[PDB]
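S.K.: Just so you know, the sequences run in chain order H and S. Mind the numbering: the first sequence is residues 488 to 548, 552 to 584 in UniProt numbering, read in order. Mind the numbering: the second sequence is residues 488 to 501, 509 to 547, 552 to 584 in UniProt numbering, read in order. All C-beta atoms, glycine included, are put in the ideal place defined by N, C-alpha and C. Shown below is the structure under consideration.
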Amino acid sequence: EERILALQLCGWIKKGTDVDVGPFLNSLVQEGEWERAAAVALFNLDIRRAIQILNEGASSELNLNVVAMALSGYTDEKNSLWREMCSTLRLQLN
Amino acid sequence: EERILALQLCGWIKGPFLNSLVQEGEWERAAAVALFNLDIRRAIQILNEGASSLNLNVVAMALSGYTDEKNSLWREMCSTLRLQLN
C-alpha cells in the first residue's frame, strides 16, 4: 500500500486501486516519447506489448525495427552467446 | 567435384574472399557470405567491425539472437520484421 502510494505520487499509478498502466501507456503513446513508454512497459513486464509499441513507433517517423529484433532475443541462459555479445555491444546506443 | 568446380567459378573460392570483401567495405555482403558458410561468431565479428567503420550494431546484436525453439519469440519476430528491414 505504501509502495502503491509512492508509485501513484511518482505519476505512474493514477488514483484508486486500479493497477493498470494503460492510462500512462496511452498518455505516453500520445506524448510521442515512445522509448520512455517502452522502458515503462518493460518495467511493467509486457514484452509483446513493448514489441507492438516499438513496431508502431517505427510505423511512425528503421533503427527501431533492428532494436526490436534484438529485443526479440530474451534468453536467460547463463552461457549465452546472445548475452555474451549484445550486453557489451549495447553501449553504442544513443 | 561438380559442386567444387561450380563454386570455384562462382568466385567464392580460388578466407581470401572474406578479406577481399572486408576490404571492399561490403560489410552486409561479407556477413551474409560468412553466414552462408555457417560461422556465427565470424559474422558477428564482421558486423561489429563494419558498424565501427547506428543500425549495423542493432542488426548485429539482433542476429546474435539465434533461437531453435519452435515458438521462440526470436523466430516469429525476425520473420515478421525481415520484410520491414531495408
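Check this for me: beta carbons of H/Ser562 and S/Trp572, under 7 Å apart or not?
M.R.: Here residue 562 of chain H corresponds to residue number 72 of the first sequence, with the count starting at 1. Here residue 572 of chain S corresponds to residue number 74 of the second sequence, with the count starting at 1. In contact: H/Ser562 and S/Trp572 (Cβ atoms closer than 7 Å).
S.K.: Give me the chain H residues within the contact set of S/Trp572, using Cβ-Cβ distance strictly less than 7 Å, ordered along the chain.
M.R.: Numbered from its first residue, the second sequence carries residue 572 of chain S at position 74. The answer, in chain order, is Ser562 and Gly563.
S.K.: Since S/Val556 and H/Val556 are thought to touch, with beta carbons under 8 Å apart, how far apart are those beta carbons, to the nearest angstrom?
M.R.: Numbered from its first residue, the second sequence carries residue 556 of chain S at position 58. Numbered from its first residue, the first sequence carries residue 556 of chain H at position 66. That belief holds up - the Cβ atoms of S/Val556 and H/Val556 are roughly 4 Å apart, short of 8 Å.
S.K.: Within the same chain, show all residues whose beta-carbon is closer than 7 Å to that of H/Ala525, passing over the 5 residues directly before and after it, in chain order.
M.R.: For the purposes of this step, residue 525 of chain H is identified with residue 38 of the first sequence, where counting begins at 1. Result list for H/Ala525: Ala537, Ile540 and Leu541, in chain order.
S.K.: Report all residues from its chain with a CB closer than 8 Å to the CB of S/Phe530; omit the five preceding and five following residues, and keep chain order.
M.R.: Indexing the second sequence from 1 puts residue 530 of chain S at position 36. Beyond the five residues adjoining it in sequence on each side, S/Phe530 comes within less than 8 Å, by CB distance, of no other residue in the same chain.
S.K.: Taking Cβ to Cβ, would you say H/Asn553 is nearer than 7 Å to S/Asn553?
M.R.: Sequence index remark: in the first sequence, residue 553 of chain H carries index 63 (1-based). Sequence index remark: in the second sequence, residue 553 of chain S carries index 55 (1-based). For H/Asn553 and S/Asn553, yes; Cβs fall inside 7 Å.
S.K.: So with Cβ pairs under 7 Å, would you call S/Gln517 a contact of chain H?
M.R.: Translated into the one-based positions of the second sequence, residue 517 of chain S becomes position 23. By this cut-off, S/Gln517 is not an interface position.
S.K.: Given a cut-off of 7 Å, decide if S/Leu492 and S/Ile500 are closer than it, judged by their beta-carbon atoms.
M.R.: Reading the second sequence from its first residue, position 13 is the one you call residue 500 of chain S. Reading the second sequence from its first residue, position 5 is the one you call residue 492 of chain S. No, the Cβ-Cβ distance between S/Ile500 and S/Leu492 is not below 7 Å.
S.K.: Less than 7 Å between the beta carbons of H/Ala560 and S/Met559, yes or no?
M.R.: Position 70 of the first sequence, counted from the first residue, corresponds to residue 560 of chain H. Position 61 of the second sequence, counted from the first residue, corresponds to residue 559 of chain S. Yes, these two residues count as a Cβ contact at 7 Å.
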